[PDB]
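Peer 1: Below: the sequence, then the experimentally determined structure.
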Amino acid sequence: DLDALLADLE
Amino acid sequence: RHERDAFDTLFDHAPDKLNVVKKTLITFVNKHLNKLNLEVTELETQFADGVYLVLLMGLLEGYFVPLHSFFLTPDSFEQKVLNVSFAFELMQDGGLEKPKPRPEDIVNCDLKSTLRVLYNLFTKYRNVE
């Protein structure tokens, strides 16, 4: 879930 | 069979974000804490006591939860693994279901496991104050 962790931490 | 999960990419592709990711979990807790107006800095060792945990439950509902009102004060490891197995107990009831790692893996000041569970929370509180 890497891409997601950052897609939300933006 | 090395079961691939979250730590996989996090450690195998982001040893740096893993660090900042813990800091984002420090923020969600800084919320339950910012209520009493305070500031957390070690999400990892924050479960190495389960103290800041029962505090979340209260600063969330908005009530006076002394640091020594829940289980006794953690003195050794087993006593810490307990304070976390306990938070896991009122949580399994209040939801959270079965955490992935183990009450130890959390108190273990380790990040890997502790992060899989903290994610679980950020998920349920991200929308709920």
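Peer 2: Perfect, thanks for sending it. Residues are numbered from 1 along each chain as shown, chains lettered A, B, ... in the order given.
Peer 1: Need phi/psi at residue B:84.
Peer 2: phi -90, psi -40 (degrees, to the nearest 10).
Peer 1: now swap in residue A:6 and tell me
Peer 2: Dihedral angles (degrees, to the nearest 10) for residue A:6: phi -90, psi -40.
Peer 1: isn't it right next to residue B:17, touching?
Peer 2: Yes - between residue A:6 and residue B:17 a contact is recorded at 6.8 Å, counting by C-beta atoms under 8 Å. (C-beta placed from N, C-alpha, C; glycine too.)
Peer 1: Specify which residue of those two has the higher count of neighbours.
Peer 2: Between residue A:6 and residue B:17, counted using other C-beta atoms under 10 Å in any protein chain shown, the more crowded position is residue B:17 (16 against 13).
Peer 1: What distance do you get for the more buried one to residue B:113?
Peer 2: In this view, residue B:17 and residue B:113 are 17 Å apart by C-beta to C-beta, to the nearest Å.
Peer 1: So which bits of chain B are right by chain A?
Peer 2: B:6, B:9, B:10, B:13, B:14, B:17, B:20, B:21, B:24, B:119 (C-beta under 8 Å from any C-beta of the partner chain).
Peer 1: can you give me the helices for the chain?
Peer 2: You didn't pick a chain, so chain A it is. Along chain A, counting by DSSP state H, helices occupy A:2-9.
Peer 1: not what I meant, chain B
Peer 2: B:6-13, B:15-36, B:43-46, B:51-61, B:77-94, B:103-107, B:112-126.
Peer 1: I'd like those helices laid out as JSON lines, including distance to residue B:71.
Peer 2: As requested, those are arranged in JSON lines below (distance: least, C-beta to C-beta, whole Å):
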{"stretch": "helix B:6-13", "distance to residue B:71": "29"}
{"stretch": "helix B:15-36", "distance to residue B:71": "18"}
{"stretch": "helix B:43-46", "distance to residue B:71": "15"}
{"stretch": "helix B:51-61", "distance to residue B:71": "8"}
{"stretch": "helix B:77-94", "distance to residue B:71": "5"}
{"stretch": "helix B:103-107", "distance to residue B:71": "12"}
{"stretch": "helix B:112-126", "distance to residue B:71": "19"}
